[PDB]
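One structure below.
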Amino acid sequence: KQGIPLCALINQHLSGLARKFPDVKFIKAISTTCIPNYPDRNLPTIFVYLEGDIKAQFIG
Amino acid sequence: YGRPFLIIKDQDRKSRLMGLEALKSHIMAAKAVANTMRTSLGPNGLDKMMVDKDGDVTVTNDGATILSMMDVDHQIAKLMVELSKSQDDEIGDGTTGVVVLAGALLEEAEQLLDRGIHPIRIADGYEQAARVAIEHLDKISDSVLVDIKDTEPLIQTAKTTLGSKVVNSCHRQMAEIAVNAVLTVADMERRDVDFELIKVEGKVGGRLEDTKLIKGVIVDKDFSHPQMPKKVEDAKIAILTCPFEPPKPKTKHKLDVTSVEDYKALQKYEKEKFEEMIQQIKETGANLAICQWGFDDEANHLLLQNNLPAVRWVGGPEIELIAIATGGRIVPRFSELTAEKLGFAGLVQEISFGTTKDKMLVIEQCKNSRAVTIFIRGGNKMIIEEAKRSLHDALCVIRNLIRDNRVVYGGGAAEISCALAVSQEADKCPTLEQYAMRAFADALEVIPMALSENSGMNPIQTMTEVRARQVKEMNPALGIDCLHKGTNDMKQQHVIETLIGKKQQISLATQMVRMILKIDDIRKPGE
Amino acid sequence: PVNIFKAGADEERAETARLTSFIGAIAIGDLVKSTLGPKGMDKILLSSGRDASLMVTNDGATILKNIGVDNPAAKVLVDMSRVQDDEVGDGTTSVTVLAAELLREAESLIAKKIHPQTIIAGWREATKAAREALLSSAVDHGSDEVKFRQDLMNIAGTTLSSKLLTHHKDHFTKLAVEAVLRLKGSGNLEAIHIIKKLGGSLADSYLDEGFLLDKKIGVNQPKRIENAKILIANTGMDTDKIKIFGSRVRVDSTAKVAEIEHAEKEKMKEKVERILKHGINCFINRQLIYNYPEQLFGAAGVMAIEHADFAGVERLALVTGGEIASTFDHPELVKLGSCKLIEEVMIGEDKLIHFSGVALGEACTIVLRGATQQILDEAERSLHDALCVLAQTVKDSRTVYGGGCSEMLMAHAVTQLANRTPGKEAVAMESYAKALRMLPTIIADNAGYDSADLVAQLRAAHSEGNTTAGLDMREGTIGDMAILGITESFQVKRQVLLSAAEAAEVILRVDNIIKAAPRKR
Amino acid sequence: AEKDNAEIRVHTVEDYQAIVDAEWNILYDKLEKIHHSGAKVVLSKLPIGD
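Residue numbers (my numbering), protein chains in the order written: chain A, 97 to 156; chain B, 22 to 548; chain C, 71 to 591; chain D, 29 to 78.
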C-alpha cells in the first residue's frame, strides 16, 4: 500500500534491483485489489513464488 | 552354493512371503478391520471419534471417512480404505456392512481352505452364488412410489437412511427437507441432477431443529461499504465480472505524457470513466450490483449516494449459482449491459447472529431455482461435519431411488432370502463346489447377527427364530425389532432403502474377496 | 492378530478408551468447578514457550482456549465451550461441569452392563420433557419499562456474582445497562468500544457522554471546535496518484517536468477545493495524508484527522450522523456528521480527542482505568460477556429463575416422569435428574454450606409446588428470588441445557478412540 | 498480449481507450466468427477466458 516511507523505499529498492537483474519477474500492485480487505497493518509483505509453491516469505 | 553371492541388490534387506500361509497373513488383518467396524451397525449405532496426524477430532459412523483418515500401515488396510471409499462414492452408509461382509467371507475362507480346496474353485463358487443371489434379489424387489406431490414413501426411505447416524435425533424434518430439495433441484427430463447444483453451508450456533431448506441463495458477505441500510425489499440485480476502475490492457502499454493538457486529459478520463460506469449501471434499471473481483472505494461511494445497493468480492461458482437462481445473466462488461438480463429477488437480508462479526446474505429470489441450498445451525463443529455428511448421503440415496421399481425391504432379511436361494442353489448342485455357496450363505447371515449384537440382546437365537418365522410366515420381508417397537415385519417397521445399494455392496464385496484370494506373494522392504 | 498401524498410531477398542476419555473429562470438570457461583476463585494460565505470557481468567472459555490435549474428547468439550461462548457468555462453566456430572452418571450406568442406547433414548425423552416444562415456566416481561429495566438489573447483578467485578456491582451492572440502551434496538455488537488504560481504579472508570479518538492530528489543526460540521473521507490525499498506469513521462527537457509538478500541485489544490465546496469545519481521513494536502488544509484551517480505523469509522458514521464519502462532486447528496464540541483530553499517559455533545449516541466507549494489565484484560473479557448477555436479554424478553429454581423445577419434572416411566430409563432419568441436582449442589460447594440439608430442602419445596424456591447465597438459606431479584435469560439456560444434551448424545455414542501416528515436531 | 513482446506507445487518453476497446473488439470478433460459424461446441488445448 503506497504512502509509508517503508513501502516507498522498498518499492524504490526493488525497482532499482530490476535494473540489475532483468531475469527476474517483479510484480507490484495494491493488495486490496489482490486480496479483498487485506489487513493494512501487514505491508509491505514480500512473496517469493514459483510453480505456486511459496519458497521464501518476508511478512510485513 | 559353493560361494556366496547376490542376484538381488540388498537381497538380505527385502523379505519374501509366499504360500497359502501367506494368505493367512492378510486374513489376519481381515479380522481387525472388520472387527473394527462391526460395532457401528444399526440405527442405534455407536459412532467412532478419532484424531488425524495433525491434531483434529473427527466423529462419524460411515466407513469411508473412517478408513481415509485412519493411519493404515499394512497394504490390505489401504486396499480396504479404497474399498470403503468406493462404496461411499456410490451409495453412502452400508460401507460398514460391506467391510463386515467381505471380512466374514475372508474368515470363513480361512476356515474352509484348511480342508485343502483349490482357491479357484472357491472363487467360482462365490461368483455363482453372488450372481444367483443378486438375480433372485432383484426379482423379488418391489416398486417404490416417487412423485412431485406424494413423498411419504420416500420420507420413510430417507428416515430409514437416517437410521444409521446421529441425525436420527430429529429424524422427521430431515427426510422432508431431503426429499423436497432433491425434487426441486432434479432435472425432470433426464431423471438426473448434479450436486454442484446444491450448496451446503454450516454455521455454529443454533439447534438441530433450526436446520432448514432454502430454495434461494446463501451468501456469506454483507453490504459493501456497510454504512448503507442493511437490507432492502425486492431488488433488481445486474451481475458483473469486472471491477470498477479504468481497465489496463493485457499488452505492455506506454502512454506518452508531455503536456499539462495530457495531465488534465487523464484527470477528465478517469472522472468521466467512473461517472459513465455509474450512468450505465443505474440507467439499465437495476437496484443491486455484484462484483466478482471487487473494486475501489470511489465507485463504492458513487453507488451509495446513488442509493443503489451493491456487493463485491464474491467467489466464482457462488456468482454462477446466484445468476442461475435469479434467472438473469452475468454481463462480462459494461458495453453488453442490458435491462433484459437483470435479475429479480423476492427478499435479501443480512444475518448478524446477534454477537458474531460475520454476516451472511440470505437471498430468496422472486422466481424458483433449479438450485437449492442447505444451511445448518448447530452446537458443535464435529456434529456440523457429521450432519453435512449425513445430508450428502441422503441426497445421494434420494437420487438413487429416483428410479422406479428400485425399492426392497432390508433389515437383515433380504440376506436371509438370498441365503435360502443360494442354499437351494447348492442343493441343486454337486459337491466339491457347494461348500463355496454354503460359505456364501453363512457370510450372508453375518450382518443380522451383528445388528442384534448392536442391540445388546440375544443375537443368535433371535436370528434363528426370525429366520424360522420368515420361512413359515407369508412375509418374505420380515426383519428384526431393533428398537423395542414390536413386530419383525419390514413392511410395517419401514426399514426402507434402495435395492441398487445392496446389489452394489454385494457385487463389490465379492470382487474384493476375489482380489484378496487371488494373490499369495509379497516382496517388501524392511529398512 | 497382525500389526496394522503406523509407528505412533494407536487404537483402543475396549473400555480403556472410555476410561481415558472420562478421566480427561473429569480433569476438565474439576479444574473449572472452582469458577462457578458467587464464590468462585480465579485461575492462572502460565506459559513457558510463549515467552512467559500469562492471563488470569474466571470464565472457563479462555481456560479451555489455552490448553490442548491428546484425548480427543477433551478437545470436543473445548469446542463445545467455544460454541457456548460464541452464543451468549457465561455458562460454559455450567455446561462443562454438567457434562462432567452426566458422564460420571454414564460411568455409574456402564458399571451395570447396560446397552447405552437405552440411556440415549431415555435422555432424549427427559430433555424433551424438561424443555417443555421450562418453556411452560418461561416468565416474560418488557410490557413495562420499569419492570424490564429491573429485570435487566437483576440479570446483570446475578451475572457479576460469577466474576470479579462484583466488588463494585452497583457501579458496574447499572452502567452496563445504559450501554445496551444506546444500541437503540440495533442488533450490532461492534459499536461498544473497549478501552484499557492501566492506572486508577475500577471505580475511577466511567462512561463518557460522547466519543473519543486515539489518532494523531495533522501538522496544523485547531485544538478545539464548536458545532462541528463533520465529514468522513477515504481517498488518496497522499499526492493523490492518478490510479492510471502504463503511462510514462517521456520528454527531452525539464521545463515540462517543472510544469507537470506545478500542474499536479494545482490538481491537488483542485481536489482540496472540491472537498471544501461542500463546506465543513471538521474533516476525517481513515488513512494517512501528505504534507502538501496538510498545508492546503491548514490554509483552510479545518480539522483533518488521519489514519483512522475501518470499524471505528463505521462506528463514528453511525454515531455522529454522517457517512463516509470518496467523491465530492455533490455538496448536495451527502449527510454531514454533527457534534457539539470536539476537544482534547489526556487520559492515562495517552492523548485522546473528545467528542462532547454528539448529535447521536449509538455506539459506546467504555474506558477502563484499572490497576494492572491482567486485571484489565479479564475486566474487558467480563464486560464483553456481560454486554453479550444484556444484548441477548434485550433480544428475547423471556426470562427464567436461577439459584437452581428452574433447575430443580426440571429436576422434579423429570423425577415425576421417571416415576411414571417403567424400565431402567426411569432410574437412569432419575439419575439424570440426580445429575442435574449436582449442579446447584456444586454451587453450594463453592459456598461450602450444609449440602445435603439444602438439597433435601429444595427437593421438598419443589415437591410441595413452591415454584419460586431458590438458594439464598447471602447467608445460606432458602428463599424467593422474586423478593431477592435473581433472574436470568431464558435463552441462556435453554441453550445451555440443549447444548449439554447434544454434547452428551455425541460423547456417549463413542466406541473406539484411534489416534493417528504423529507427523513430527 | 499479441505476441508477448508487443509494446504500446500512445499520447492521449482517447488513444488509450481506443486501444483497449480495440482489444475487446478483437476478442468479440473472434467470438462473432465462432458463433456465426454455426458450431455448437468448441474444444481446444488453449484456455478459454471467462
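Positions of the beta carbon are idealized from the N, C-alpha and C atoms, including for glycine.
Contacts that residue i makes with chain B (C-beta to C-beta distance below 7 Å)
i	result
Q462(C)	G375
residue 183(A)	Any property of residue 183(A) remains undetermined from this structure, which presents chain A solely from 97 to 156.
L568(C)	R228
Proximal chain B residues relative to residue i, where beta-carbon distance stays under 8 Å
i	result
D581(C)	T60, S61, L67, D68, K69
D149(C)	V78, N401, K402, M403
residue 28(C)	Because chain C in this structure spans residues 71 to 591, residue 28(C) falls outside the shown range and cannot be described.
Partner residues on chain B for residue i, Cβ-Cβ distance less than 9 Å
i	result
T129(A)	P264, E266, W314, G315, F316, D317
Any chain C beta carbon closer than 8 Å to residue i
i	result
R544(B)	no
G99(A)	yes
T305(B)	no
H95(B)	yes
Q455(B)	no
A286(B)	no
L276(B)	yes
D510(B)	no
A50(B)	yes
For residue i, the nearest candidate out of the options (CA to CA)
i	options	result
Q532(B)	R152(B), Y22(B), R228(B), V492(B)	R152(B)
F316(B)	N389(B), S390(B), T232(B), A331(B)	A331(B)
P469(B)	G431(B), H505(B), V200(B), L412(B)	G431(B)
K31(D)	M536(B), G400(B), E297(B), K273(B)	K273(B)
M58(B)	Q32(B), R24(B), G124(B)	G124(B)
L106(C)	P401(C), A131(C), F92(C), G94(C)	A131(C)
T40(D)	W334(B), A286(B), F396(B), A360(B)	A286(B)
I343(B)	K170(B), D33(B), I311(B)	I311(B)
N141(C)	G159(C), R591(C), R589(C), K585(C)	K585(C)
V209(C)	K267(C), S476(C), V459(C), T442(C)	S476(C)
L44(B)	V534(B), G547(B), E548(B)	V534(B)
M381(B)	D33(B), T279(B), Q149(B), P247(B)	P247(B)
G316(C)	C263(B), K275(B), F265(B)	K275(B)
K251(B)	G477(B), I258(B), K242(B)	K242(B)
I340(B)	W314(B), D215(B), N321(B), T508(B)	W314(B)
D112(C)	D278(C), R579(C), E448(C)	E448(C)
Proximity test, Cβ basis, 8 Å: residue i and chain A
i	result
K285(C)	no
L358(C)	yes
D129(C)	no
Contact set for residue i: own chain, Cβ-Cβ below 6 Å, skip 5 residues either direction
i	result
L368(B)	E385
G146(B)	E454, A457, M458
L487(C)	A199
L283(C)	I423
Beta carbon proximity, residue i to chain B, threshold 8 Å
i	result
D57(D)	no
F315(C)	yes
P363(C)	no
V69(D)	no
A46(D)	no
Chain-ordered neighbours of residue i on chain A, where CB pairs are closer than 7 Å
i	result
residue 641(C)	Shown here, chain C extends from 71 to 591; a query on residue 641(C) therefore has no answer.
Cβ-based neighbour list, residue i, same chain, cut-off 8 Å, excluding 5 preceding and 5 following
i	result
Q444(C)	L124, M125, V126
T79(B)	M70, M71, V72, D73, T86, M90, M403, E406
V443(B)	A150, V153, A154, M458, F461, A462, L465
Beta-carbon neighbours of residue i, restricted to chain C and to distances below 9 Å
i	result
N321(B)	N304, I394, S396
Interface partners of residue i on chain C, CB under 8 Å
i	result
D541(B)	Residues of chain C passing the Cβ test: none, with the nearest at roughly 16 Å.
Interface flag, residue i vs chain D, CB-CB below 8 Å
i	result
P338(B)	no
Problem set entry | Runs of beta strand (DSSP E) wholly within the region 209-264 of chain B (minimum 3 residues, chain order) | 219-225, 233-235, 238-240, 256-261
For this session: Give, in chain order, every unbroken run of the alpha helix (DSSP H) that is at least 4 residues long and sits entirely within the region 463-491 of chain C.
Result: 475-489
Exercise. Which ranges does the beta strand (DSSP E) cover as unbroken runs of at least 3 residues, wholly within the region 244-271 of chain C, from first to last along the chain?
Worked result: 262-266
Exercise. In chain order, which alpha helix (DSSP H) runs of at least 4 residues are fully inside the region 498-530 of chain B?
Worked result: 511-514
Exercise. Where in the region 97-185 of chain B do unbroken runs of the alpha helix (DSSP H), each at least 4 residues long, occur, reported from the N-terminal end onward?
Worked result: 116-134, 140-161, 173-182
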